[PDB]
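Here is the file protein36.cif (mmCIF, C-alpha atoms).
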```cif
data_input
loop_
_atom_site.group_PDB
_atom_site.id
_atom_site.type_symbol
_atom_site.label_atom_id
_atom_site.label_comp_id
_atom_site.auth_asym_id
_atom_site.auth_seq_id
_atom_site.Cartn_x
_atom_site.Cartn_y
_atom_site.Cartn_z
ATOM 1 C CA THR F 5 -15.475 12.157 -9.028
ATOM 2 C CA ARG F 6 -12.290 10.192 -9.791
ATOM 3 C CA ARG F 7 -12.256 6.701 -8.225
ATOM 4 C CA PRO F 8 -9.550 4.020 -8.510
ATOM 5 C CA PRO F 9 -10.811 0.550 -9.452
ATOM 6 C CA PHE F 10 -9.622 -0.761 -6.077
ATOM 7 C CA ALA F 11 -11.773 1.674 -4.064
ATOM 8 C CA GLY F 12 -14.066 -0.028 -1.563
ATOM 9 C CA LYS F 13 -11.891 -3.178 -1.425
ATOM 10 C CA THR F 14 -9.256 -4.729 0.841
ATOM 11 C CA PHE F 15 -6.066 -6.521 -0.222
ATOM 12 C CA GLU F 16 -3.549 -8.644 1.647
ATOM 13 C CA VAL F 17 0.097 -8.005 0.753
ATOM 14 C CA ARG F 18 2.721 -10.568 1.786
ATOM 15 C CA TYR F 19 6.459 -9.842 1.693
ATOM 16 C CA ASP F 20 9.494 -11.378 3.321
ATOM 17 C CA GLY F 21 9.018 -10.528 6.992
ATOM 18 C CA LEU F 22 5.844 -8.475 6.540
ATOM 19 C CA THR F 23 2.147 -9.161 5.972
ATOM 20 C CA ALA F 24 -0.371 -6.337 5.837
ATOM 21 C CA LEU F 25 -3.918 -5.513 4.819
ATOM 22 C CA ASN F 26 -4.498 -2.428 2.630
ATOM 23 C CA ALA F 27 -8.184 -1.405 2.860
ATOM 24 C CA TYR F 28 -9.212 1.239 0.337
ATOM 25 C CA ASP F 29 -12.102 3.448 1.443
ATOM 26 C CA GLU F 30 -14.986 3.925 -1.000
ATOM 27 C CA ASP F 31 -13.988 7.582 -1.177
ATOM 28 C CA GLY F 32 -10.907 6.899 -3.341
ATOM 29 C CA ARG F 33 -8.675 9.076 -1.121
ATOM 30 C CA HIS F 34 -8.121 7.155 2.123
ATOM 31 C CA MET F 35 -6.623 3.768 2.888
ATOM 32 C CA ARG F 36 -6.520 2.020 6.257
ATOM 33 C CA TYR F 37 -3.786 -0.552 6.860
ATOM 34 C CA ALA F 38 -3.218 -3.286 9.428
ATOM 35 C CA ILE F 39 0.125 -5.042 9.838
ATOM 36 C CA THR F 40 -0.747 -8.648 10.663
ATOM 37 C CA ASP F 41 2.676 -10.324 10.616
ATOM 38 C CA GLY F 42 6.274 -9.452 11.359
ATOM 39 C CA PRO F 43 7.916 -7.265 13.995
ATOM 40 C CA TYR F 44 5.342 -4.473 13.585
ATOM 41 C CA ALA F 45 2.218 -6.642 13.760
ATOM 42 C CA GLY F 46 -0.683 -4.792 15.363
ATOM 43 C CA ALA F 47 0.076 -1.360 13.930
ATOM 44 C CA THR F 48 -2.799 0.397 12.157
ATOM 45 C CA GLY F 49 -3.286 3.753 10.506
ATOM 46 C CA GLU F 50 -5.335 5.761 8.058
ATOM 47 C CA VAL F 51 -3.471 7.558 5.279
ATOM 48 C CA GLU F 52 -4.268 9.767 2.310
ATOM 49 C CA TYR F 53 -2.788 8.336 -0.885
ATOM 50 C CA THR F 54 -2.243 9.228 -4.523
ATOM 51 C CA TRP F 55 -2.611 6.686 -7.312
ATOM 52 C CA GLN F 56 -1.654 6.672 -11.011
ATOM 53 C CA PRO F 57 -1.869 3.934 -13.643
ATOM 54 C CA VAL F 58 1.493 2.700 -14.885
ATOM 55 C CA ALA F 59 0.185 -0.192 -17.025
ATOM 56 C CA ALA F 60 -2.892 -2.376 -17.364
ATOM 57 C CA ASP F 61 -4.293 -3.071 -13.884
ATOM 58 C CA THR F 62 -1.002 -1.774 -12.373
ATOM 59 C CA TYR F 63 -0.883 1.383 -10.231
ATOM 60 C CA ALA F 64 1.681 3.513 -8.419
ATOM 61 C CA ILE F 65 0.148 4.088 -4.961
ATOM 62 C CA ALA F 66 1.978 6.448 -2.586
ATOM 63 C CA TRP F 67 1.420 7.988 0.819
ATOM 64 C CA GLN F 68 3.200 9.460 3.819
ATOM 65 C CA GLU F 69 2.498 8.218 7.330
ATOM 66 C CA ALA F 70 1.918 10.281 10.469
ATOM 67 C CA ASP F 71 5.561 9.985 11.518
ATOM 68 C CA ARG F 72 6.560 11.166 7.955
ATOM 69 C CA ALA F 73 7.717 7.741 6.746
ATOM 70 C CA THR F 74 6.993 7.443 3.005
ATOM 71 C CA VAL F 75 5.662 4.470 1.050
ATOM 72 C CA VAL F 76 5.506 3.781 -2.690
ATOM 73 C CA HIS F 77 3.647 0.703 -3.961
ATOM 74 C CA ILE F 78 3.649 -0.608 -7.507
ATOM 75 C CA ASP F 79 0.656 -2.911 -7.210
ATOM 76 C CA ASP F 80 -0.436 -5.086 -10.143
ATOM 77 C CA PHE F 81 -3.973 -6.280 -9.405
ATOM 78 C CA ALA F 82 -4.137 -8.734 -12.315
ATOM 79 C CA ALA F 83 -0.896 -10.603 -11.620
ATOM 80 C CA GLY F 84 -1.368 -10.220 -7.863
ATOM 81 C CA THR F 85 2.025 -8.641 -7.171
ATOM 82 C CA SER F 86 3.167 -5.764 -4.971
ATOM 83 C CA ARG F 87 6.553 -4.035 -5.171
ATOM 84 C CA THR F 88 7.216 -1.547 -2.383
ATOM 85 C CA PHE F 89 9.742 1.129 -1.502
ATOM 86 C CA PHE F 90 9.568 2.352 2.084
ATOM 87 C CA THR F 91 11.591 5.179 3.640
ATOM 88 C CA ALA F 92 11.250 5.046 7.421
ATOM 89 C CA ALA F 93 11.270 8.209 9.521
ATOM 90 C CA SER F 94 14.839 7.138 10.365
ATOM 91 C CA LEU F 95 15.633 7.331 6.587
ATOM 92 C CA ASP F 96 16.330 3.593 6.395
ATOM 93 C CA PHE F 97 15.302 2.628 2.860
ATOM 94 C CA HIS F 98 13.571 -0.725 2.418
ATOM 95 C CA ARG F 99 12.656 -2.532 -0.791
ATOM 96 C CA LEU F 100 10.241 -5.449 -0.675
ATOM 97 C CA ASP F 101 8.243 -7.317 -3.249
ATOM 98 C CA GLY F 102 5.550 -9.907 -2.741
ATOM 99 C CA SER F 103 2.047 -11.094 -3.442
ATOM 100 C CA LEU F 104 -1.195 -9.120 -3.497
ATOM 101 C CA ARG F 105 -4.644 -10.674 -3.255
ATOM 102 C CA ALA F 106 -8.227 -9.549 -2.670
ATOM 103 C CA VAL F 107 -9.639 -10.268 0.810
#
```
Could you express the structure from this file as structure tokens?
Amino acid sequence: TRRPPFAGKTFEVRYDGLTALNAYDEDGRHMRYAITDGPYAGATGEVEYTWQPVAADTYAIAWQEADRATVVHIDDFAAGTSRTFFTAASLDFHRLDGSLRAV
């Protein structure tokens, strides 16, 4: 019964060297992404995510990809910002922060 306010919507996130779409299914449990810019452009995937409020209109969104890479977003939908922490399957740890806007 629990739905995040961003369910059923798609957002473009832009970081240094990376642009992606995060498309939240109406079901509140799945998100489909598409990397549209940078060295991994053309990748897609569906993930299961968790989400928790951390402040007004700001959520911690986390998931693990099929190759066991992990992703944590802190996405503020009012200010339009996205701060991300990404641990690749190789265990390289990447921090990025950028913009977030409704598509």
Interface rows for segment 40-60 of chain F against segment 75-99 of chain F: nearest pair, Å to one decimal, 9 Å, all atoms listed in the file, as JSON lines:
```
{"residue": "F:58", "atom": "CA", "partner": "F:78", "partner_atom": "CA", "distance": 8.4}
{"residue": "F:59", "atom": "CA", "partner": "F:80", "partner_atom": "CA", "distance": 8.5}
{"residue": "F:60", "atom": "CA", "partner": "F:80", "partner_atom": "CA", "distance": 8.1}
```
*Quick one: apply the PyMOL selection byres ((chain F and resi 19-35) around 8) to the file and drop the selected residues here as a list in words.*
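What the PyMOL selection byres ((chain F and resi 19-35) around 8) grabs from the file is residues 6, 7, 8, 10, 11, 12, 13, 14, 15, 16, 17, 18, 36, 37, 38, 39, 40, 41, 42, 43, 50, 51, 52, 53, 54, 100, 101, 102 and 103 of chain F.
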*May I ask which of the residues F:66, F:61, F:71, F:107 is the closest one to residue 49 of chain F, counting only C-alpha atoms?*
F:71
6 Å per side around segment 8-14 of chain F: axis-aligned box centre and edge lengths, as AutoDock Vina command-line options:
```
--center_x -11.7 --center_y -0.4 --center_z -4.3 --size_x 16.8 --size_y 20.7 --size_z 22.3
```
_Just the number, please: distance in Å from atom CA of residue 9 of chain F to atom CA of residue 63 of chain F, one decimal._
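Computed distance, atom CA of residue 9 of chain F to atom CA of residue 63 of chain F, equals 10.0 Å.
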*Grab the atom CA of residue 55 of chain F to atom CA of residue 67 of chain F distance for me, in Å with one decimal place.*
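Going from atom CA of residue 55 of chain F over to atom CA of residue 67 of chain F covers 9.2 Å.
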For segment 26-38 of chain F, supply N, CA and C atoms and format the output as a CSV table (one decimal), in the coordinates of the input.
```
chain,number,residue,atom,x,y,z
F,26,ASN,N,-4.3,-3.8,3.1
F,26,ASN,CA,-4.5,-2.4,2.6
F,26,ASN,C,-6.0,-2.3,2.3
F,27,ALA,N,-6.7,-1.5,3.0
F,27,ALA,CA,-8.2,-1.4,2.9
F,27,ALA,C,-8.5,0.0,2.3
F,28,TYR,N,-8.9,0.0,1.0
F,28,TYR,CA,-9.2,1.2,0.3
F,28,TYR,C,-10.7,1.7,0.6
F,29,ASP,N,-10.8,2.8,1.2
F,29,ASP,CA,-12.1,3.4,1.4
F,29,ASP,C,-12.8,3.7,0.1
F,30,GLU,N,-14.2,3.6,0.2
F,30,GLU,CA,-15.0,3.9,-1.0
F,30,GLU,C,-14.7,5.3,-1.5
F,31,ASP,N,-14.2,6.2,-0.7
F,31,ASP,CA,-14.0,7.6,-1.2
F,31,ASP,C,-12.8,7.8,-2.1
F,32,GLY,N,-12.0,6.7,-2.4
F,32,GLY,CA,-10.9,6.9,-3.3
F,32,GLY,C,-9.7,7.8,-2.9
F,33,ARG,N,-9.7,8.2,-1.6
F,33,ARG,CA,-8.7,9.1,-1.1
F,33,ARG,C,-8.0,8.5,0.1
F,34,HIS,N,-8.7,7.7,0.9
F,34,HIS,CA,-8.1,7.2,2.1
F,34,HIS,C,-7.9,5.6,2.0
F,35,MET,N,-6.9,5.2,2.7
F,35,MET,CA,-6.6,3.8,2.9
F,35,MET,C,-6.3,3.5,4.3
F,36,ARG,N,-6.8,2.5,4.9
F,36,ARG,CA,-6.5,2.0,6.3
F,36,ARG,C,-5.8,0.7,6.2
F,37,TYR,N,-4.6,0.6,6.9
F,37,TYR,CA,-3.8,-0.6,6.9
F,37,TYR,C,-3.8,-1.2,8.2
F,38,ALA,N,-3.4,-2.5,8.2
F,38,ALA,CA,-3.2,-3.3,9.4
F,38,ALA,C,-2.1,-4.2,9.2
```
